[PDB]
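In PDB author numbering, the protein residues as written are -2 to 80. All residues carry an ideal CB built from backbone N, CA and C; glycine is no exception.
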Amino acid sequence: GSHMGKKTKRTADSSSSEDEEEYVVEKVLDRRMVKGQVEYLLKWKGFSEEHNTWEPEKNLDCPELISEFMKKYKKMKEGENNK
């Protein structure tokens, strides 16, 4: 058969199941440059370091990860101070 009329409602869909899962960036793991292009290392959740790949900064803007990571690069790599 068939039916008419609609209504927006939702109280429960599943019990022994999660909403959704996927591999999304978490935070910066490193920073470098290649072919005159600034590349950044994004930690893709749900994976290991083996799945660590560099990406263009022009494609993704994350000044929140770099701003903080900047302090990590200093402690991690000791060189000089140009302040």
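Original post:
By Cβ distance below 8 Å, which residues in the same chain neighbour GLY2 in space, the five residues on each side in sequence not counted?
Top reply: So no residue of the chain qualifies.
Original post:
If you drop the 5 nearest sequence neighbours on each side, which residues of the same chain put their C-beta closer than 7 Å to that of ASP27?
Top reply: If we look at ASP27 and ignore the five residues flanking it on each side, its Cβ neighbours are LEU38.
Original post:
Going by alpha carbons, who is nearest to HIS48 out of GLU23, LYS32 and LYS68?
Top reply: Comparing Cα-Cα distances from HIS48 to each of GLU23, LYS32 and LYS68, the minimum goes to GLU23.
Original post:
Nearest-angstrom Cα distance between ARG7 and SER14?
Top reply: The alpha-carbon atoms of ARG7 and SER14 are separated by roughly 16 Å.
Subject >> Residues of its chain near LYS40, where Cβ-Cβ distance is below 8 Å and the 5 sequence neighbours each way are ignored >> reply: Sequence-distant Cβ neighbours of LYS40 in its own chain, meaning closer than 8 Å and more than five residues away, are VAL22, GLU23, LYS24, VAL25, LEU26 and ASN49.
Subject >> Enclosing beta strand (DSSP E) for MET30 [first to last residue] >> reply: It spans 22 to 31 - the beta strand (DSSP E) in which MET30 sits, taken as one unbroken run.
**OP:** Reducing DSSP to helix, strand and coil, say where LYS71 ends up.
**Re:** DSSP places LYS71 in helix when its eight states are reduced to three.
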